[PDB]
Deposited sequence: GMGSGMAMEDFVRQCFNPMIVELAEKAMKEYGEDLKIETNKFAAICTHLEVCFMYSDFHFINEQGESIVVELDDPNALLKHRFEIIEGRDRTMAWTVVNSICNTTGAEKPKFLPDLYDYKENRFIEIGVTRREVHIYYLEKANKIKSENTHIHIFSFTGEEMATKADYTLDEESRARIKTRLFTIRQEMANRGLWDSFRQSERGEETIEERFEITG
């Protein structure tokens, strides 16, 4: 039921990137079907946060630019979603160009406005738990956590984005949760986080 849900309710490129991720790090999506949904969600939130466009101005899909980019153009640079070697190449170029501090951990985004890397997380539990889990390792890089029920927690209470873009992420999370609950999948998905 959950695998069917994911494939019907996330966009095809998101599902492709998630399946790729699971094939690579050795997770079987037939077994870890809740984690498959969680990887899809995490990817979608990061792409939405960055305002990344998967179709170019000439009307063509450009998924290839995650693993083989051209120039490094907008307020946010995506780091999540890329091949790990290429993600580190992007982080290094960024630090070279901006003089920003090179993080010890691979972050999700670079913010050229605030000159910091951002670490994104999505939780089905009380937001502070996953915030602290992340923050007690991560020691520099800005953290922004979203829960499915609309709470957020961020470093210094600085949410980076405007109220409207944040609301778009929250809305999408509420819709996912809702549709899972309709299919009887939410309770298992929530419980599997612990």
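Unmodelled segments of the deposited chain, in sequence order: 1 to 6, 79, 148 to 149, 204 to 216.
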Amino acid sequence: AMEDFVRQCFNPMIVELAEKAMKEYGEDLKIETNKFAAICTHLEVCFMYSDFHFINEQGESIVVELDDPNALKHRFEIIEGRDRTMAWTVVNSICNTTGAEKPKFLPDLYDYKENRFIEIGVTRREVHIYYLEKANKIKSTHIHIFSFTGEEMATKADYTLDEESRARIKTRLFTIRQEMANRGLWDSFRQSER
From here on, numbers count along this sequence of modelled residues.
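Mean CA temperature factor is higher for 164 to 172 when stretches 35 to 43 and 164 to 172 are set side by side in the entry. Higher mean CA B-factor, judged across 45 to 53 and 143 to 151 from the recorded values: 143 to 151. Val15: CA B factor lies in the lowest third for its chain, per the PDB record. Compared with the other modelled residues of the chain, the Cα B-factor recorded for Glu80 ranks in the lowest third. Remark: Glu119 belongs to the lowest third of its chain, ranked by C-alpha B-factor as recorded.
In the deposited entry, the Cα temperature factor of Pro69 places it in the middle third of its chain's modelled residues. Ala87: CA B factor lies in the lowest third for its chain, per the PDB record.
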